[PDB]
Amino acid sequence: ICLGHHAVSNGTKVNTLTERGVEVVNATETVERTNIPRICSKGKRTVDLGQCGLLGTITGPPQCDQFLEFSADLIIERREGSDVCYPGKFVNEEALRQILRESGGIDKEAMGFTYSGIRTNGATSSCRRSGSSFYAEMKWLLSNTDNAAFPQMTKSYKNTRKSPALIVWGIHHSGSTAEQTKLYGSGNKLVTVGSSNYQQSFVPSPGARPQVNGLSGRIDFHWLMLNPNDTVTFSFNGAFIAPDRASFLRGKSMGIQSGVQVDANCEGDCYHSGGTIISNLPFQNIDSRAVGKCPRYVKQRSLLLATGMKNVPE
């Protein structure tokens, strides 16, 4: 009586501690290569920002008017998104982006800033709504009558809520010193921001910039995070974009950058710019910068695990 094992005519070569190319009866793949070219968002509150930039949701350009108090478990940034309508940029922009991606959305609250002795309705043609407007959450503080001076003002805000408050203000840089005197008056302008963790000063600097949407003017957006019961203080005398509403983080979420469509039919926790990685394999060779709950990225495109015995045919 003869006893033995099974075999097949066509085996699968695998690699071991000893050899490279050992035929086995059966083998399976461990490195994921199949990618779903969509953002699988089944069962998740998703906000596709589209033309609205993530940071704009704090300042409120026209393209972000429907994202001022969004709420989401998954935040998607698009390449066509823009944080600004009037040309400018944020200081520490990427840190604020990373803060807002896992914020779970934002909740705005009026800061209650009243003014006496200046004009508060600065607008521009680049921030277009029904006519010429500005950032929805900001206020462009100017002088009263086309020129004359800006009084040294000190405004204070106390965070009365139990979560840190996101405070964003802006320093205006006109295209010339003559335009700065036209808007706020002559003399050296100074904006001072102080709190418990924060201490910092800012001086405007007019000058000619390349024209973006028309201007040739810029706006520096800055931000701090007030702690509960901590008070922030602004001491300004011109070239100041004042915050009208503060932001509060809703909870928790995840932010991704993608250019593929949203699909509520598939579910996935691993995302990259090209889509969603849905797999049970421990490794993947699709995108090393994938985020979420992903298999570990490896450089090998295939690593066959032997699910069968050694194949020794006749």
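One-based numbering along the sequence shown.
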Give the stretch, out of 134-142 and 96-104, with the larger mean C-alpha temperature factor in the deposited entry. 134-142
Averaging C-alpha B-factors over each stretch, which comes out higher, 70-78 or 208-216? 208-216
Comparing C-alpha B-factors across 88, 112, 151, 243 in this entry, the winner is 151
Among the modelled residues of this chain, does the Cα B factor of residue 21 put it in the lowest, middle or highest third? middle
Relative to the other modelled residues in the chain, which third contains the C-alpha temperature factor of residue 300: lowest, middle or highest? lowest
